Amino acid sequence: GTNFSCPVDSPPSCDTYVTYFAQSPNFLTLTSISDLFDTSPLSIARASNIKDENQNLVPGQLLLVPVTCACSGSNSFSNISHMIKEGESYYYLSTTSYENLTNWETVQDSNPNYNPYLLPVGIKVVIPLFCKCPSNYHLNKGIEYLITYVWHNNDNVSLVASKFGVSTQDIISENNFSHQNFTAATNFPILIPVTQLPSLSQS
């Protein structure tokens, strides 16, 4: 499907964004998400068109979190050093906290020396988010960012496309959605290509 391999021709590191949605158990503050992602709340608010940094986020509200993304071998990642809180697994952390922007596998692959369930509260575990950075061909098109977005079984391209202000075809071809198996109930990361940061709806 979508290849998350380091472009051979374009720089190894870059700035893009990953998509995160407000979650009603705990992540309904900017503070929640900034602590989850190690960035300032204003950077998120600026990237998400939020004009008041103190307003609560409504459940499911779309947000763009700026991340800096680099090469770790032949694949692109953006690592977040997350400190362990009480009762957190790799699986929990990566399917609810980080909202499937990373799978348990790659996490415990770049976090050796550890027991995936005996995590002592207060240890640094690096959470490699998925991200790609513009190939040379991306940049010659005018693409400024490949935003990470977690495709679920429920999304349809027209809604997401109008949300990010792109064509359906842009999404479909960037992710080779023309022979891609949505049968699998899996969630998988994809890349929205955008010529500029989009002007997200107000709530």
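Each residue number is its position in the shown sequence, starting from 1.
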query: Per the entry, higher mean C-alpha B factor between 170-178 and 51-59; finding: 51-59
query: 125-133 or 111-119, whichever carries the higher mean Cα B-factor; finding: 111-119
query: Residue with highest C-alpha B-factor in the PDB entry, from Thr16, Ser13, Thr195, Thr186; finding: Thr186
query: Entry-reported Cα temperature factor of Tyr92, expressed as the chain third it lands in; finding: middle
query: Third of the chain, ranked by Cα B-factor, where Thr106 sits; finding: highest
query: Chain thirds of CA B-factor: placement of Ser72; finding: highest
